[PDB]
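Everything below concerns the one structure shown next.
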Amino acid sequence: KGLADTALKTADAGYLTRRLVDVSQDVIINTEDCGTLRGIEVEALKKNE
DNA sequence: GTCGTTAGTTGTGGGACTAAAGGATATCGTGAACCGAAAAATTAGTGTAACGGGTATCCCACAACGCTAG
């Protein structure tokens, strides 16, 4: 079962990588500053407190 | 009672499925007969030798002196 999972569940990984590359291909650092006052709040990641 | 509307199925159709190497296959069934086309093979027919001068070239050999007297 482990060997079959290894031999059959990497096509899904390749498909995911292909779709991710094609959706993210055009994202390139083009300028230096986007002059934004917006952002995200980052805090510590706690699992089971 | 009857007709159009909306939402939630339900069946059906079209589109995805790592990367590297390699990369050999075998492939039925039959109806006749004559005419035309062109591609190929076979057959029928004609022939030199030295000479005159004069001159272009070649190979092949040799020469291209030295002394004495009027």
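To the nearest 20 debye, what is the magnitude of the charge dipole of chain A about its Cα centre, counting +1 on the Cβ of each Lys and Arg and -1 on the Cβ of each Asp and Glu?
The dipole magnitude comes to about 380 debye.
Could you check the simple spin-label distance between residue A:4 and residue A:48, using points 7 Å along Cα→Cβ, in nm with one decimal?
3.3
Would you calculate, for chain A, the mean residue ellipticity at 222 nm contributed by helices, counting each DSSP H stretch of 4 or more residues as -39,500 (n - 2.57) and dividing by all residues, to the nearest 500?
Per the formula, -13000 deg cm²/dmol.
Methodologically, a virtual Cβ is constructed for each residue, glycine included, from the backbone with ideal geometry; neighbour enumeration extends over all protein chains shown. Coordinate-derived values only; no laboratory data.
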